[PDB]
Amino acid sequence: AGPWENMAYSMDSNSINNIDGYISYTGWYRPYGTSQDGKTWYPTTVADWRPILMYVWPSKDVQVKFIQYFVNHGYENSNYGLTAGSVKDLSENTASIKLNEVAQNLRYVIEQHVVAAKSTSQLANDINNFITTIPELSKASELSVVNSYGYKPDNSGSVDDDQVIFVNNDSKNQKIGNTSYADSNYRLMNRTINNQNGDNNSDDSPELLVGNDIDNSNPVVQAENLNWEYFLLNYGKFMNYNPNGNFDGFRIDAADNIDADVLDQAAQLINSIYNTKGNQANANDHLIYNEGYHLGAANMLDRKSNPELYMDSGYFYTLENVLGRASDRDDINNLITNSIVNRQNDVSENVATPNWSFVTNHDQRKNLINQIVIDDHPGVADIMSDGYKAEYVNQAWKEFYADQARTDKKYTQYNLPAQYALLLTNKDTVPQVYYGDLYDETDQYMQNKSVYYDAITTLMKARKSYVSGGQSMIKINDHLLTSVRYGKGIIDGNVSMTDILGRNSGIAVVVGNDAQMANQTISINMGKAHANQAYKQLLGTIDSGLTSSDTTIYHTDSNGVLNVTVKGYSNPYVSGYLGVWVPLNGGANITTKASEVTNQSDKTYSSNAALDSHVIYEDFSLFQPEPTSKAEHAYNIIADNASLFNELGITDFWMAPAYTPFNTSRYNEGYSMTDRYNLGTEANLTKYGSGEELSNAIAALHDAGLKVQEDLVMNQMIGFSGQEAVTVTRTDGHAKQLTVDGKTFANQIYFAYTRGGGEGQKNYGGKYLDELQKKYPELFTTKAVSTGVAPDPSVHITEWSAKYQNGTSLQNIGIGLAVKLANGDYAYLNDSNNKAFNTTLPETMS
């Protein structure tokens, strides 16, 4: 009958793509009919949908660009007045009447193309491409700082300041819109570390990192975290896999970036289940160690009587600045002082902050490799984002291994054996060894021992026999120190009486960071307990590198003093000097059990010989490849190697984030995850294997006497498949509004991917809360610090959604996708579920 058939077949979701009642220019809809000429109109079936952009545009300008793009991409018909020449002079200043005329004729030429191919598929590509040319309909309008003037890439590989926060919006003003289903009374952001009570922001630790940031201030979320944690502490049991395949504790990821209440609550759950507060015997069996690069966390943990191990990142920087650099190395004395533990004369217990320390972790390998890529692509701003490429990393790796075998290294660490020698002999710490320093981490899992394997395992194994007792570190000259442990039960170097175990243990580590250091003879006080004793050299420096096979027998005088002679070397392994001496009669195990030290009734963790006896092993690398068979699954190899890890004195196996990875994430490593409860199936493996294989790995490790921790990731999820209309504001990592190249936006409706969770969340979300409330009522009557209320188990989270999220890093969708009428009213589809406004549609559809 007429062109009114452009109107939607119905004014509801059955005919009009929408998201919570809002329309998107990228949406499609089913009109009543279509037409290849103005004269004949065919009604649409239920399978005939058309892009909204054929009918509506955000401005007359975009409408002109729509015409101009399609005409120049094959949709011209001089009979209808459409050709490159006929449309080149159209602009926003053309009368509205004419432009619509032209637009109405273009649809005809489109339907012509649709009919010839019997398909909208080519048209779909042309719409998608064209959208890419319009900033407000594509990602550019999100104002990534990557495109800002003078932006430099960050070798972390992510973009701290590309964020939007989810804000409440219950407006009755249709120009502002209404997303009340996504409203929240919580979203208390930056309640991080000492700002848990919002009254001390001295750590300045940001809430937003990457992905969908989880609102860990919401009591229903806080309840779900406990459900999740409880699931993982019983993983094998609750999954009917190996009944001994359960995690014992947690590596807490991004503990500087979540509401700190959830640290209290994870440590409360483990105390409720296992009785850890005031009982180091039990607490040492359920380690919780927090990832952090903020020194203030050590204040907080000491304040809370140490519910979690603090990460001694200051010492990592010390290690790299003093020993790792090529030149301009820092004062050798800083190794004595620049850590959470001053180790000049560490001759006490229960005084240091319980802490874990490292030479490398998976993030520090990431930063260095990314740096290599950045160096090979100067002036390319998107090299770590939209212009990131795997092949660049492959090339940086070939550079990394080649640089690693050099003496004058360009990118890799100098003095890595000395670094580990100090780590594995320091008192008052739980040291952590990195998988990628033992194995070449891009090859299949544990298939290539690195150049540093022999030296580190030599030190790891020696720690079991020699590292106990007091500690003393002495600066010998400007580039040379000794660090001495006195042996089991020996408090200090003036102790004369000891038992057999102490007598035959203790250790001297000698470290220099001047490759030109003059030959010279030094005196090492080993302690009165070690007078007239035979020592051998566990590990020494030779021109080509390192030896563990010096057959000399060294002797202490009647004062426990050992004289050795040391000089500077320069080789792939040592830039300076490295030398380690242990008692000749030694070898017996000297680890301390919790029942041999005095329990501290007012601490969870307490820094002493028992806790010191522990060794954490980071079991993965982000650059670990995908396996090509069942036998290359990390879980399976880990099961078969449980005894090797125990031989090395590892007691605490930090296992990779096991969760189902978003399949387009950069490393497939598990932090970018779609499902917190699905740790792999036969049909859908993770990089590491299947959940059943995980439960066997954990069981094998327990059988070798080790405890296992899971990377608990409360900060964010990535890869949700469902969109919600959310009101957002462009912010920085700290959730403060951000202006980019003079532009910003606030309180705008955004079609973010926010709803999902997988079958894992559907079937296990909230499943144990009733059981937890029965067994542990305290978890749901203890008021959280930041909120003043207890975790709320009366709601189960079976599917995530924006009401449970603080915001998201930019998703590359664009900010002007929501359709707005000429007067600025949002278009809207009213029905039973969506009652924010009356139905309000563009004229062409209405």
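All residue numbers are counted from 1 along the displayed sequence.
**OP:** Give the stretch, out of 21-29 and 827-835, with the larger mean C-alpha temperature factor in the deposited entry.
**Re:** Higher mean C-alpha B-factor in the PDB entry: 827-835.
Subject >> Stretch exceeding the other in mean C-alpha B-factor - 703-711, 105-113 >> reply: According to the entry, 105-113 carries the higher average C-alpha B-factor.
**OP:** In terms of CA temperature factor as recorded, identify the highest of 342, 72, 716, 505.
**Re:** 72 has the highest C-alpha B-factor of those listed.
**OP:** Pick out which of 262, 644, 584, 697 has the highest C-alpha B-factor in the PDB entry.
**Re:** Answer, based on the entry's C-alpha B-factors: 584.
Subject >> Modelled-residue ranking by C-alpha temperature factor, third containing residue 88 >> reply: Highest third of the chain for residue 88's C-alpha B-factor.
Original post:
When the modelled residues of the chain are sorted by Cα temperature factor, does residue 807 land in the lowest, middle or highest third?
Top reply: According to the entry, residue 807 has a C-alpha B-factor in the chain's lowest third.
Original post:
Going by the entry, which third of its chain does the Cα temperature factor of residue 124 land in?
Top reply: Highest third.
**OP:** Grab the CA temperature factor for residue 443 from the record and place it in the lowest, middle or highest third of its chain.
**Re:** Middle third - that is where residue 443 ends up once the chain's C-alpha B-factors are sorted.
Subject >> CA B-factor ranking of residue 464, expressed as a third of its chain >> reply: Its C-alpha B-factor, which the entry lists for residue 464, ranks in the lowest third among residues of this chain.
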